[PDB]
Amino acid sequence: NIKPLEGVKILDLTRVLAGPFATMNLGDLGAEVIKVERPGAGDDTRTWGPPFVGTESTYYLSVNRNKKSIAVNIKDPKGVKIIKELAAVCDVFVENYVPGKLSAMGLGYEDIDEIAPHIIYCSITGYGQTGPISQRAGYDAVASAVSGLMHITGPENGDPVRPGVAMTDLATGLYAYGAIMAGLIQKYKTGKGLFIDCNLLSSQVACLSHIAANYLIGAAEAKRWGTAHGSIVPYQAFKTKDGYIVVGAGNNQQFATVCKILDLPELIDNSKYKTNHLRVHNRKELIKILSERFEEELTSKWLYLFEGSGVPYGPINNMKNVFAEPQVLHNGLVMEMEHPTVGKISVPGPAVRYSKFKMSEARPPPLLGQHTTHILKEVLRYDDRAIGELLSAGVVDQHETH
């Protein structure tokens, strides 16, 4: 009934994806997310379209549910005053500007910690708070290139490729969303806050893990394999009559299973393919033989023949197949929300499910400045007199829809 983060206020100055994705997941867990946006423009994702639904872009809608919106010009001293007043009654402070940018505006950790020594201050940057290239802005495609992910992603004999989605941004967001709750836990015993440094470079290098460990320990360089792997064969995507199927065999018994299903038992006892080490050594000839067979049948036929095989196998699905998959719908991944002016909209739902509470009901993504007046009056106790003055000056903006 009650979510674990209920009663936790998050002062959210994040933009784009990495930061907003972190605060969206905390909003799913019950946190009161107060999104601070530029009057007029707002979060950059608001203008990235088409596709557009009414006035809201699908980019913005996808990662900003379960948030409230206050449009405040934080470059204005009156806006800085509002941010500091909000931080004093908030538990978490999140931003993803270049290091020192918020500090130059009077909203750095030193400034905020002075008036909110309890606060958890989390900064999401491209390369960290300090260092030779720490002043560069963070970008997923740039980080995945510098961190080594792109070099190991792509066709074996082709150009490097990027993940279809900004996995480096999302991974960093997941690091931060966990780190913020670790800060809260630490705060619960000590009563004081701390500063958290998340960045795209650190997140992606850490995710290299064993691949990077192979070099740091064995001086082994990594390479691109397309859909295959360097140390285990066969294990890749195979072109079928109408699509692709991923199939793998991690040992001689799985390899026998695959060959029998493919009606190629003669390969099991062939001297070239009897062990995994030999299959890797003879991978080009083996994959060619297997690929010729895979392409003769439809994907649906191969999926039926592999039922109960006990080997890793799965079809390569497009968006149409993904959301026709009964398992996808079963997991609640099609989250529907009622937008006040745009109507019913559907986005990918929460990835984690808990037994003691439900997250299937989410507040729709806020309109720009939708909750400006509500926050100033209810959260900061501003009177109608002061709010009208800030509105008249343009320091804050209130959407027509409340």
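A residue's number is simply how far along the shown sequence it sits, counting from 1.
*Asks:* Output the stretch having the higher mean C-alpha B factor in the entry; the candidates are 335 to 343 and 34 to 42.
*Replies:* The stretch with the larger mean CA B-factor is 335 to 343.
*Asks:* Which wins on mean Cα temperature factor, 250 to 258 or 182 to 190?
*Replies:* Taking the mean C-alpha B-factor of 250 to 258 and of 182 to 190, the larger value falls to 182 to 190.
*Asks:* Taking the Cα B-factors listed in the entry, which of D197, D269, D169, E307 comes out highest?
*Replies:* Highest C-alpha B-factor among the listed residues goes to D269.
*Asks:* According to the PDB entry, is the CA B factor of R15 in the bottom, middle or top third of its chain, that is, lowest, middle or highest?
*Replies:* Tercile = lowest for this residue's CA B-factor.
*Asks:* Comparing against every modelled residue in the chain, figure out the third that the C-alpha B-factor of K75 lands in (lowest, middle or highest).
*Replies:* Answer is highest: the recorded C-alpha B-factor places it there.
*Asks:* Test of reading the entry: by CA B factor among the chain's modelled residues, which third contains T372?
*Replies:* Top third by C-alpha B-factor.
*Asks:* Tell me, lowest, middle or highest third: where does the Cα B factor of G349 rank within its chain?
*Replies:* Within its chain, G349 is a lowest-third residue by C-alpha B-factor, going by the deposited values.
*Asks:* Ranking every modelled residue in this chain by its Cα temperature factor as given in the entry, which third contains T240?
*Replies:* Middle third, going by the recorded CA B-factors of the chain.
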